[PDB]
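Let me begin by presenting the structure, written as structure tokens, before commenting on it.
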Amino acid sequence: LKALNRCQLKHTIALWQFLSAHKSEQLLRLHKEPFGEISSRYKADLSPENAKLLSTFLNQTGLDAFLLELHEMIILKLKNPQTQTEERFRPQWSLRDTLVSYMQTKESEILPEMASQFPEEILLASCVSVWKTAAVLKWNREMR
Amino acid sequence: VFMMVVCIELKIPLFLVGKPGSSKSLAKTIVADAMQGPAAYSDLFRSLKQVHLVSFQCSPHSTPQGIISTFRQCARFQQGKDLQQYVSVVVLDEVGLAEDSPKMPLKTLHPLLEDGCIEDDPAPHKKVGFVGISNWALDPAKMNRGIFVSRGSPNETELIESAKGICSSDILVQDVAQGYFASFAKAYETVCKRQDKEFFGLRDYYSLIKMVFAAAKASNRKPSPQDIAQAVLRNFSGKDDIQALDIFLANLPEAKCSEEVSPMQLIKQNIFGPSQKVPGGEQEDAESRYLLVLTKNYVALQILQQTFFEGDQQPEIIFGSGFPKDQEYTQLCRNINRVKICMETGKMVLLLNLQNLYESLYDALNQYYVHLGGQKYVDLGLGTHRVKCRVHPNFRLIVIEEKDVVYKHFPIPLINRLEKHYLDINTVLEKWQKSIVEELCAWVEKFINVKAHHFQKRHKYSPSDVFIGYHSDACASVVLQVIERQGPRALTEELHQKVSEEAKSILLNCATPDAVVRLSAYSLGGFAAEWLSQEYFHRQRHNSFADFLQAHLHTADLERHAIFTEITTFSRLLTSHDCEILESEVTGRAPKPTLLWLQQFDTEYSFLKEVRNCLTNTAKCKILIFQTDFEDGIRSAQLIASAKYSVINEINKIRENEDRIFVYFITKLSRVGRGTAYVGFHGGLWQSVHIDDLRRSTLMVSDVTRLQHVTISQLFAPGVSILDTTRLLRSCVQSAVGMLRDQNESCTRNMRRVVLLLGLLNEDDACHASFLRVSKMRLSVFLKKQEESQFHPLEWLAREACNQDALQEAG
Amino acid sequence: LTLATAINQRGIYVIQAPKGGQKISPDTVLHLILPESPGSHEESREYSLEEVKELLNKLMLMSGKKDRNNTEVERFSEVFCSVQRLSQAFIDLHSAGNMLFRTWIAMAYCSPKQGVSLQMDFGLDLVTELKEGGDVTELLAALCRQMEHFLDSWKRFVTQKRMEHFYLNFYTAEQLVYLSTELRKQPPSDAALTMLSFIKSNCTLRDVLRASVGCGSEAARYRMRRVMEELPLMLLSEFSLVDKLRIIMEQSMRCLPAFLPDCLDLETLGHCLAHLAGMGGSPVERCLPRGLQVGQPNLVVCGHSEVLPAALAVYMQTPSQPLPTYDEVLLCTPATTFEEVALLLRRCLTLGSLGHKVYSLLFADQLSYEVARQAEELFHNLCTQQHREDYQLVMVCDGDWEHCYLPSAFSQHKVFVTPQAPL
Amino acid sequence: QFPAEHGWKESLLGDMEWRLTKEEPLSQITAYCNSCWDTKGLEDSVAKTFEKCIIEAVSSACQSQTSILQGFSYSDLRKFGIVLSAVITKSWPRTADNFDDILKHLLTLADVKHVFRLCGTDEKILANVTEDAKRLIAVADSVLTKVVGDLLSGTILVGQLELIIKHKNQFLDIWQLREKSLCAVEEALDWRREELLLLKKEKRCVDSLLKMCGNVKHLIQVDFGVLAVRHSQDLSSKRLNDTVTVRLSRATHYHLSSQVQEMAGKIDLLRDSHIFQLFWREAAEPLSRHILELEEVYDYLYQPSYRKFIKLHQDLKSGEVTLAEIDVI
């Protein structure tokens with residue numbers, strides 16, 4: 001009640017957006033596994049050049065909406081064993097096209113910076129590694 | 001002494017520079033007492049001027065205004081008095097400590113030494129005497145022109161002469177204890193000074209000679225080993241790179257016979273008098289240097305407390321402040337006032353503080369007393385107020401400090417003024433009892449995650465996740481607790497097993513109840529896994545805090561005054577209603593346990609007042625509950641530690657009765673948290689016991705081991721209940737209808753369904769009771785039909801416990 | 001000790017803004033008025049903070065022969081701590097920038113004088129003087145807790161109003177006080193004109209009036225009248241002094257000019273500055289040098305002797321526009337606090353700015369560690385809300401101190417070309 | 001035998017392992033060899049796990065120096081053989097590759113005495129004990145024979161002499177048992193005891209002499225050096241025969257001349273004598289940078305104090321002490 005005193009029935013989708021990320025975020029700050037139900041196909045490792053390119057993107061835009069939307073995709077789009085066929089979510093496809101298509105289907109306001117400057121070599125097979133790298137940096141912006 | 005007398009009578013600046021312990025301060029103390037004009041101790045000093053000392057202790061942060069204020073305060077006393085029978089002298093302690101500071105103080109000395117004023121109009125009463133006693137070097141230009149004298153170190157002959165001077169009080173016991181330990185003590189003291197950096201001790205050699213001479217003042221004579229060994233061993237025993245005993249022994253083979261007294265008995269012999277029973281005559285000149293105990297991770301306090309200080313004779317702990325208030329000025333004044341009270345009443349002080357207080361207690365630690373009426377007075381200073389206070393003969397001071405801080409962040413003179421000793425939990429355990437520490441640290445690894453070759457879905461655990469509050473030296477603390485509870489018994493083959501078993505049972509106290517049945521499951525029906533499960537659930541009370549308290553009041557030993565217990569929980573802390581329920585059962589032997597939340601109090605004095613009003617009552621057995629939510633951080637641990645000693649001190653104060661007192665500390669931590677980590681198993685009068693749920697819940701049965709023999713189906717079958725079925729199926733209707741979907745998308749009956757069902761799921765009316773009965777029977781039949789397709793239907797408890805992800809989601 | 005007993009029996013602790021021009025400090029805002037003993041003939045002495053601290057030291061060191069009922073010392077030490085806590089809570093609030101406490105006077109009684117334990121007067125006509133009776137320590141604790149709560153609330157409010165009104169970024173939290181007090185006055189001190197001359201060059205009295213003709217909204221006056229005729233009812237609604245204080249101080253946070261009417265409100269001052277800004281002239285338009293990208297922080301690392309010459313080139317691409325001033329350029333020294341860096345990182349990243357200018361930090365490496373940490377954090381916070389998209393930010397650091405916190409943190413945006421130009 | 005990859009063997013064996021590792025170690029050991037739990041076939045899992053638990057109990061109990069073997073009742077010879085093997089290989093020092101530590105191990109511990117007595121009682125005990133422990137017992141008996149031969153000859157180091165004299169009963173008993181398993185030893189022990197006692201008496205006399213000389217070390221006192229050189233030599237590493245001549249059915253070390261030998265004992269009887277020390281200092285006062293040889297000491301320099309206090313002793317015995325010298329003393 002103390003937590004939800006200042007909430008009305010118009011933030012719930014956003015609220016479920018935040019909690020389902022934050023409750024996972026704590027799991028990263030204890031060095032445990034964030035996602036234990038996602039299959040290992042999406043848990044690949046970023047290449048060093050890809051990590052170097054993604055560092056620029058992480059330093060470009062605010063790491064709140066990006067983290068939230070990526071967590072939505074990882075929590076309710078890649079969770080089901082139905083994207084094994086390339087029709088739904090091909091693991092060989094990139095992440096920028098997947099994200100832009102997702103907000104196209106999510107009828108939500110987007111930041112064109114992510115649609116523009118995000119490197120296209122970031123594949124969907126390596127997304128959790130991005131999110132962790134997307135959540136580590138925010139971590140090293142909180143204790144300060 | 002002669003130089004200060006001459007330079008103070010004639011008002012000549014005097015700068016005394018030397019190594020620590022060159023007795024510059026001793027000269028100062030005696031001169032101040034003796035000269036006192038016509039109030040001197042002899043006719044020689046009665047014809048000399050009276051002298052008032054104004055002592056300012058310099059520092060690297062010394063503002064230039066401070067020295068000017070000291071000079072003007074010194075000159076204010078001299079105003080209105082004869083300048084030929086009264087003088088006031090400014091004594092700057094450690095005047096070399098403020099030499100090259102950016103806020104250069106010693107630019108005001110050159111004018112002040114000349115006229116006594118910086119730029120004001122000079123007066124005949126403004127020119128004051130000046131003496132500066134500094135351990136560090138000085139520039140011979142910031143003095144005006146005063147006599148600057150520096151001695152250095154005694155090469156060899158001065159050391160022998162000082163030895164003879166110390167040993168020149170009997171003239172026959174000297175010959176017993178001279179000749180050998182008057183040049184040989186020199187010869188190895190020089191070696192000790194040579195082979196070490198970060199200088200240790202010059203007062204550590206005069207004190208050594210004093211201990212030898214007093215030991216030679218035994219029945220007839222004992223300049224023998226096992227008595228020279230102790231005196232040499234109390235030469236600094238916390239360096240770890242200068243073997244003090246060997247250096248004396250490697251050159252003297254005559255006395256190579258030592259019992260090797262541990263640094264555990266040299267603390268008794270330093271605190272509980274020099275002699276074991278009674279010193280020769282009275283104890284009037286047995287002034288031993290105050291103890292400084294170097295420890296790792298703050299374990300010396302626990303070691304001492306399980307050791308010597310058994311109840312009434314316990315010292316009062318002097319700490320800092322954990323509450324988010326009580327600024328430095330008002331807490332240091334309150335921490336000097338209590339040291340003064342202990343000095344007056346002769347009670348032991350456990351100085352857990354840091355260099356905040358060793359700027360005021362800089363002459364009390366020096367132990368150069370002024371005698372009057374057969375009693376000793378030594379001065380203490382708050383701010384600029386420097387005044388003498390009485391010292392009772394039974395006054396012993398113990399400082400407990402981390403070894404690294406002493407090695408790097410303790411001033412060298414302060415290190416010299418304190419008798420060093422290193423005490424660690426690994427230096428108090430015998431070899432045989434140190435093996436059951438490694439055995440415990442391996443049994444913990446075998447306990448938290450069992451070896452299994454058949455189950456593959458496993459989660460690797462840390463020791464903290466199972467034994468909450470598991471630091472590095474937790475097994476050592478538990479073993480020390482068990483050893484202290486056992487007593488000084490010879491090593492029987494049973495003891496190597498009994499002590500280990502008791503330490504296993506005690507270490508099991510702080511294990512999560514899910515982990516015990518996880519062991520009972522992964523090690524399928526194992527003998528050890530079943531013994532540790534019977535112990536945790538049917539012999540060692542863990543259901544609720546009420547059960548634990550009722551079993552703890554009824555089993556505690558009757559020969560203890562105050563009992564301290566530590567409770568850790570993942571549930572919510574006790575409320576007023578829970579303690580009212582507790583009092584409804586504990587009435588007859590204990591009053592209402594007062595509930596105090598540590599995080600509400602915003603001042604140490606407020607907490608002290610509350611606990612005093614709780615203690616200053618008429619009661620035989622009294623229960624005190626202190627509750628702190630562990631809002632994880634480095635801010636709540638300090639608060640818990642500061643409130644921990646504030647209760648012990650008040651327990652020691654209000655002590656006249658034999659009333660049993662129970663103190664409980666409750667920590668509210670989470671299964672999955674953020675930031676730091678809880679460090680329990682503190683050791684001492686404190687035992688860590690984990691009660692997962694502190695309340696006697698009416699939902700399920702209190703003893704969760706009754707659920708190992710019953711499936712989910714038998715709970716709903718009537719024909720005194722493990723589960724509250726009505727509240728169960730009534731607490732899910734709001735979620736039981738969130739999966740209903742009417743065939744047509746033109747109905748909002750879902751909101752009406754809950755209102756219907758919650759009004760129907762009751763027993764007030766016969767039809768509602770029949771509805772509940774038939775619904776329960778249908779649910780029981782459904783669950784029975786759903787259990788045929790499950791492996792091991794009975795042990796759903798173990799399966800749920802093995803689900804770490806499902807444990808994290810409930811607490 | 002007898003003096004301590006007298007202070008406990010009859011002791012007046014006054015907490016007020018310092019009288020005169022001396023800086024606000026605990027030694028200047030706290031006295032102790034020992035009154036006349038009934039039937040005696042003394043002078044009802046006044047003790048400063050230092051003469052109470054020295055009395056506390058004496059008391060702690062004169063323990064005496066009867067250290068068994070030390071209540072007259074414990075009570076004195078407790079009341080002194082509570083009053084000092086209250087004084088610090090007031091001093092920090094005064095340094096924060098509040099208007100309502102600028103004439104506040106408190107009266108802490110160590111014993112109930114007539115049933116009154118704590119008196120609270122604000123010096124204004126609208127506010128009624130408050131007086132409460134009970135244990136002084138509990139009242140002071142709750143009172144200081146309330147001030148700390150409103151302290152964080154008021155700092156949040158000031159941050160919000162700085163975000164909304166851009167030009168309330170040209171001045172610190174105390175310069176805002178000075179301007180909100182002087183602008184409404186009959187011809188302001190020429191110091192105020194010089195301070196406002198940075199926004200509108202050669203600012204004069206008629207310019208101030210012309211900017212202040214309509215800076216306030218017509219609903220604001222109706223709101224302040226509504227609260228003015230509503231306040232006594234709300235004061236009578238609540239009983240405890242803490243609740244009444246909450247009501248008064250919240251209403252001050254809402255419609256501050258209603259209580260004290262000779263000073264501008266924050267939003268009113270921002271509107272006045274914005275109107276004065278438009279009368280200034282054509283905004284300057286400067287572009288970042290080659291190799292520097294707008295909308296991204298630019299970090300230039302170069303030797304000490306070239307740090308200052310590396311800044312002129314940054315501004316040497318429109319050599320017909322006026323030279324910069326304390327805006328757009330910041331020099332960082334170990335003595336610069338959070339305010340002087342925040343007033344640049346918020347003057348650059350704010351929507352309500354007309355014109356295009358380049359914001360530069362010089363000797364940023366020398367910035368204090370805490371100041372640099374708070375600065376980078378503030379910049380990120382501003383980015384996460386609203387921002388000007390082409391924020392032109394330049395950081396220049398001595399190459400020797402590249403290991404310092406701020407250049408190391410911003411190295412991800414470090415440029416590779418060093419701005420330079422011939423002599 | 002289930003498919004031996006799931007754990008029917010290891011878990012069921014660890015169960016009985018936990019059951020056995022619950023009683024007292026000596027009780028476990030006595031259960032291993034008091035009864036007939038194993039008829040034969042000491043190769044299966046049960047016998048092997050029992051054996052490993054028992055040898056672990058041996059290693060744990062013997063490390064505590066407890067008398068394991070005392071009061072041992074046994075039925076099966078093989079179990080006792082295994083027990084003795086474990087006791088011997090665990091009782092020995094960890095660094096069992098030296099003279100002094102091995103000798104100390106044979107002397108101090110009582111378990112070695114017990115195991116040697118059981119080995120000398122019957123030969124089936126020798127048959128049962130393993131060859132790995134056979135090599136250890138062979139090393140022990142060979143080194144004991146070497147020590148006995150060195151002691152009989154008299155060339156054995158001084159530290160060893162004091163070690164044997166400290167435990168002469170243990171050494172004599174263990175050697176008698178060994179000779180029973182396979183006289184002059186006690187005579188040699190007594191003779192070495194007397195020689196070492198004389199050596200220690202001379203040593204005490206001499207360092208008391210140098211200490212009395214150095215009581216006034218601020219003077220001409222220290223000259224010799226060579227007399228200190230032989231003092232500087234350690235005694236533990238020194239040999240008996242090299243310094244002191246043995247007796248076979250005496251000249252000391254330092255080759256001390258008979259001139260100062262009487263003074264040695266004279267001042268050894270008077271080392272703790274405040275009067276003697278006092279007027280020794282006062283006799284040294286008028287003397288003094290002077291080379292202090294034995295001859296100039298002997299002829300005049302030492303014992304004016306001695307002759308003076310023989311005069312004083314006669315005065316006290318007869319009773320004509322003047323009222324001034326009595327005060328001064």
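All residue names refer to the structure tokens as shown: chains lettered A, B, ... in order, residues numbered from 1 in each chain, ligands numbered from 1 in order.
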Inset, instruction - Tell me which protein, DNA and RNA residues are within 8 Å of residue 378 in chain B, counting only C-alpha atoms, leaving out same-chain ones fewer than 4 positions away, and put them as a list in words. - result: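 Near neighbours after the sequence-gap exclusion: residues 363, 364, 367, 368, 369, 370, 388, 389, 390 and 391 of chain B.
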Inset, instruction - Can you pull out every residue within 7 Å of range 280-285 of chain C, counting only C-alpha atoms, but drop anything in the same chain fewer than 4 positions away, and send it as a PyMOL selection string? - result: chain C and resi 200-201+276+321+354-357
Inset, instruction - Kindly give the distance, in Å, that separates CA of residue 90 in chain D and CA of residue 70 in chain D, rounded to a single decimal. - result: 16.9 Å
Inset, instruction - Tell me which protein, DNA and RNA residues are within 10 Å of range 2-14 of chain B, counting only C-alpha atoms, leaving out same-chain ones fewer than 2 positions away, and put them as a PyMOL selection string. - result: chain B and resi 16-17+24+27-28+31-32+35+45+48-51+84-91+113-114+127-133+143-149
Legend entry - Spatial neighbours of residue 246 in chain D, 12 Å, only C-alpha atoms, chain gap at least 5 places, as an NGL selection string: :D and (151-156 or 188-196 or 198-199 or 239-241 or 251-252)
Store the residues picked out above in a file with C-alpha atoms, as a PDB file, in the first residue's frame.
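What follows is the written file selection-v9.pdb:
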```
ATOM      1  CA  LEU D 151      76.912 -43.015  23.410  1.00  0.00           C
ATOM      2  CA  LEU D 152      79.050 -46.050  24.262  1.00  0.00           C
ATOM      3  CA  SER D 153      81.979 -44.599  22.310  1.00  0.00           C
ATOM      4  CA  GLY D 154      81.322 -41.116  23.719  1.00  0.00           C
ATOM      5  CA  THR D 155      81.451 -39.155  20.429  1.00  0.00           C
ATOM      6  CA  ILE D 156      77.741 -38.254  20.400  1.00  0.00           C
ATOM      7  CA  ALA D 188      77.915 -45.677  29.715  1.00  0.00           C
ATOM      8  CA  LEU D 189      74.830 -43.577  30.471  1.00  0.00           C
ATOM      9  CA  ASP D 190      75.988 -42.983  34.051  1.00  0.00           C
ATOM     10  CA  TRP D 191      79.526 -42.125  32.931  1.00  0.00           C
ATOM     11  CA  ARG D 192      78.277 -39.663  30.305  1.00  0.00           C
ATOM     12  CA  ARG D 193      75.951 -38.180  32.932  1.00  0.00           C
ATOM     13  CA  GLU D 194      78.883 -37.587  35.282  1.00  0.00           C
ATOM     14  CA  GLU D 195      81.047 -36.138  32.502  1.00  0.00           C
ATOM     15  CA  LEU D 196      78.275 -33.790  31.347  1.00  0.00           C
ATOM     16  CA  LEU D 198      81.281 -31.894  35.401  1.00  0.00           C
ATOM     17  CA  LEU D 199      81.267 -30.020  32.082  1.00  0.00           C
ATOM     18  CA  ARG D 239      80.961 -33.343  20.775  1.00  0.00           C
ATOM     19  CA  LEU D 240      81.556 -34.906  24.185  1.00  0.00           C
ATOM     20  CA  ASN D 241      84.907 -36.546  23.434  1.00  0.00           C
ATOM     21  CA  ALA D 251      90.393 -32.955  31.236  1.00  0.00           C
ATOM     22  CA  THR D 252      87.639 -30.446  30.483  1.00  0.00           C
TER      23      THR D 252
END
```
Legend entry - Interface list for chain D, partner chain B, 6 Å threshold, only C-alpha atoms, as a VMD selection string: chain D and resid 6 24 215
Residues of chain B that have any atom at most 12 Å from an atom of chain A: could you tabulate them with the shortest-distance atom pair and the distance in Å to one decimal, using only C-alpha atoms, ordered by chain and increasing number, as a tab-separated table?
```
residue	atom	partner	partner_atom	distance
B:457	CA	A:36	CA	11.7
B:459	CA	A:32	CA	10.4
B:460	CA	A:32	CA	10.3
B:461	CA	A:32	CA	10.6
B:462	CA	A:32	CA	11.3
B:465	CA	A:30	CA	11.6
B:633	CA	A:143	CA	11.6
B:671	CA	A:30	CA	11.5
B:672	CA	A:30	CA	8.1
B:673	CA	A:26	CA	7.6
B:674	CA	A:26	CA	6.9
B:675	CA	A:29	CA	8.2
B:676	CA	A:30	CA	10.1
B:677	CA	A:30	CA	10.6
B:804	CA	A:36	CA	11.5
B:805	CA	A:36	CA	9.1
B:808	CA	A:27	CA	10.2
B:809	CA	A:23	CA	9.7
```
Please report as a CSV table (one decimal) with N, CA, C and O atoms, in the first residue's frame which residues of chain A come no farther than 8 Å from chain C, using only C-alpha atoms.
```csv
chain,number,residue,atom,x,y,z
A,56,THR,N,29.4,3.5,-27.4
A,56,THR,CA,29.1,4.8,-27.9
A,56,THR,C,27.5,5.1,-27.8
A,56,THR,O,27.1,6.1,-27.3
A,59,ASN,N,26.5,5.6,-24.3
A,59,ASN,CA,26.8,7.0,-23.8
A,59,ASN,C,26.1,8.0,-24.6
A,59,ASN,O,26.2,9.2,-24.2
A,60,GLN,N,25.4,7.7,-25.6
A,60,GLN,CA,24.6,8.7,-26.4
A,60,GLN,C,23.3,9.0,-25.7
A,60,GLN,O,23.0,10.2,-25.3
A,62,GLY,N,19.8,8.3,-23.1
A,62,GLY,CA,19.5,7.9,-21.7
A,62,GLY,C,19.2,6.4,-21.6
A,62,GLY,O,18.4,5.9,-22.4
A,141,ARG,N,26.2,4.4,-12.5
A,141,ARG,CA,25.7,5.8,-12.5
A,141,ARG,C,24.8,6.0,-11.3
A,141,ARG,O,24.3,7.1,-11.2
A,144,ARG,N,27.0,6.9,-7.5
A,144,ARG,CA,27.6,8.2,-7.5
A,144,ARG,C,26.7,9.3,-7.1
A,144,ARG,O,25.5,9.0,-6.9
```
Quick one: pick out all strand (DSSP E or B) residues within range 13-144 of chain A from a backbone DSSP run and write them as a PDB file with C-alpha atoms, in the first residue's frame.
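selection03.pdb was written with the following content:
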```pdb
ATOM      1  CA  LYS A  43      22.614 -15.472 -24.428  1.00  0.00           C
ATOM      2  CA  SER A  94      19.866  -7.562 -35.851  1.00  0.00           C
ATOM      3  CA  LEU A 123      22.321  -9.326 -33.595  1.00  0.00           C
ATOM      4  CA  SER A 126      23.351 -11.371 -28.571  1.00  0.00           C
TER       5      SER A 126
END
```
Inset, instruction - Extract, using only C-alpha atoms, all DNA, RNA and protein residues at most 8 Å from residue 118 in chain A, discarding same-chain residues fewer than 2 positions from it, and format them as a list in words. - result: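 Close residues of residue 118 in chain A: residues 54, 57, 96, 113, 114, 115, 116 and 120 of chain A.
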Legend entry - All alpha helix (DSSP H) residues (DSSP, backbone) inside range 34-200 of chain D, as a PyMOL selection string: chain D and resi 45-62+77-91+99-108+110-121+124-128+131-153+158-166+168-181+184-200
Legend entry - Interface list for chain C, partner chain B, 10 Å threshold, only C-alpha atoms, as a VMD selection string: chain C and resid 53 to 65 67 to 68 74 to 75 77 to 78 80 to 82 84 to 85 137 to 138 141 145
Inset, instruction - Would you kindly return, as a PyMOL selection string, each protein, DNA or RNA residue with an atom no farther than 12 Å from any atom of residue 56 in chain D, considering only C-alpha atoms and excluding same-chain residues fewer than 4 positions away? - result: chain D and resi 17+20-21+25-26+28-29+49-52+60-63+82-83+86-87+89-90
Produce a file of the selected residues containing N, CA and C atoms, as a tab-separated table (two decimals), in the first residue's frame.
```
chain	number	residue	atom	x	y	z
D	17	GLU	N	29.52	-44.83	6.91
D	17	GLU	CA	30.67	-44.01	7.29
D	17	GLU	C	30.28	-42.96	8.32
D	20	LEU	N	29.69	-44.74	11.65
D	20	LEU	CA	30.92	-45.12	12.35
D	20	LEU	C	31.66	-43.89	12.86
D	21	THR	N	31.69	-42.81	12.09
D	21	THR	CA	32.36	-41.59	12.52
D	21	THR	C	31.45	-40.80	13.45
D	25	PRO	N	36.94	-41.94	18.94
D	25	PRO	CA	37.93	-42.59	18.06
D	25	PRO	C	38.53	-43.85	18.65
D	26	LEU	N	38.84	-43.86	19.95
D	26	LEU	CA	39.37	-45.07	20.56
D	26	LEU	C	38.31	-46.17	20.57
D	28	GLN	N	35.97	-46.52	18.24
D	28	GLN	CA	36.00	-47.00	16.86
D	28	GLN	C	37.15	-47.97	16.65
D	29	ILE	N	38.33	-47.61	17.16
D	29	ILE	CA	39.52	-48.42	16.98
D	29	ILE	C	39.36	-49.77	17.66
D	49	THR	N	35.93	-49.34	3.61
D	49	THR	CA	35.48	-48.11	4.24
D	49	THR	C	35.68	-48.15	5.75
D	50	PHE	N	35.48	-49.33	6.36
D	50	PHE	CA	35.79	-49.47	7.78
D	50	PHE	C	37.28	-49.23	8.03
D	51	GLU	N	38.13	-49.80	7.18
D	51	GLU	CA	39.57	-49.64	7.34
D	51	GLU	C	39.99	-48.18	7.18
D	52	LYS	N	39.43	-47.48	6.19
D	52	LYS	CA	39.82	-46.09	5.99
D	52	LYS	C	39.33	-45.21	7.13
D	60	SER	N	43.94	-39.00	13.54
D	60	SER	CA	43.40	-37.95	14.40
D	60	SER	C	43.77	-38.14	15.86
D	61	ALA	N	43.74	-39.37	16.37
D	61	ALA	CA	43.98	-39.59	17.80
D	61	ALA	C	45.46	-39.53	18.14
D	62	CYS	N	46.32	-40.03	17.25
D	62	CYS	CA	47.75	-40.05	17.55
D	62	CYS	C	48.37	-38.66	17.43
D	63	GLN	N	47.77	-37.78	16.63
D	63	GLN	CA	48.26	-36.41	16.53
D	63	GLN	C	48.09	-35.66	17.84
D	82	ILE	N	46.92	-53.81	10.87
D	82	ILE	CA	46.55	-52.58	10.17
D	82	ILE	C	46.59	-51.40	11.13
D	83	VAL	N	46.09	-51.59	12.35
D	83	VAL	CA	46.07	-50.51	13.34
D	83	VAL	C	47.49	-50.06	13.64
D	86	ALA	N	48.99	-48.06	10.71
D	86	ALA	CA	48.51	-46.69	10.71
D	86	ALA	C	49.15	-45.88	11.83
D	87	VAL	N	49.24	-46.45	13.03
D	87	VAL	CA	49.80	-45.73	14.17
D	87	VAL	C	51.25	-45.34	13.91
D	89	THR	N	52.89	-45.08	10.90
D	89	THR	CA	53.12	-44.14	9.80
D	89	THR	C	52.50	-42.77	10.08
D	90	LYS	N	51.59	-42.66	11.05
D	90	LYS	CA	51.05	-41.34	11.37
D	90	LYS	C	51.76	-40.71	12.57
```
Contacts of residue 101 in chain D at 12 Å or less, counting only C-alpha atoms, minus same-chain residues fewer than 5 places along, as a short mmCIF file (atom, residue, chain, number, x, y, z; two decimals) with N, CA and C atoms, in the first residue's frame?
```cif
data_model
loop_
_atom_site.label_atom_id
_atom_site.label_comp_id
_atom_site.auth_asym_id
_atom_site.auth_seq_id
_atom_site.Cartn_x
_atom_site.Cartn_y
_atom_site.Cartn_z
N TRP D 92 54.94 -40.73 13.30
CA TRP D 92 56.27 -40.21 13.03
C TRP D 92 56.18 -38.72 12.67
N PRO D 93 57.26 -37.97 12.88
CA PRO D 93 57.25 -36.55 12.49
C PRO D 93 57.02 -36.39 11.00
N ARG D 94 56.39 -35.27 10.64
CA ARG D 94 56.10 -35.01 9.23
C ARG D 94 57.39 -34.93 8.41
N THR D 95 58.42 -34.28 8.95
CA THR D 95 59.74 -34.25 8.33
C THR D 95 60.61 -35.30 9.02
N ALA D 96 60.38 -36.56 8.64
CA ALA D 96 61.06 -37.70 9.26
C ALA D 96 62.34 -38.05 8.49
N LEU D 106 61.25 -40.95 19.00
CA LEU D 106 61.37 -42.24 19.67
C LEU D 106 61.38 -42.09 21.18
N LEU D 107 61.94 -40.99 21.69
CA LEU D 107 62.07 -40.85 23.14
C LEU D 107 60.76 -40.39 23.77
N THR D 108 60.20 -39.27 23.30
CA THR D 108 59.10 -38.63 24.01
C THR D 108 57.83 -39.46 23.96
N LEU D 109 57.44 -39.93 22.78
CA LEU D 109 56.13 -40.55 22.61
C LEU D 109 56.07 -41.90 23.31
N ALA D 140 63.92 -46.72 12.56
CA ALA D 140 63.91 -46.41 13.98
C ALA D 140 64.93 -47.25 14.75
N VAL D 143 68.59 -46.31 13.78
CA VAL D 143 69.04 -45.05 14.35
C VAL D 143 69.21 -45.18 15.87
N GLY D 159 73.62 -32.13 22.81
CA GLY D 159 72.16 -32.08 22.87
C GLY D 159 71.55 -33.47 22.96
N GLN D 160 72.13 -34.43 22.23
CA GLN D 160 71.68 -35.80 22.36
C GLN D 160 71.92 -36.34 23.76
N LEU D 163 69.28 -35.07 25.91
CA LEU D 163 68.02 -35.69 25.52
C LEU D 163 67.87 -37.08 26.15
#
```
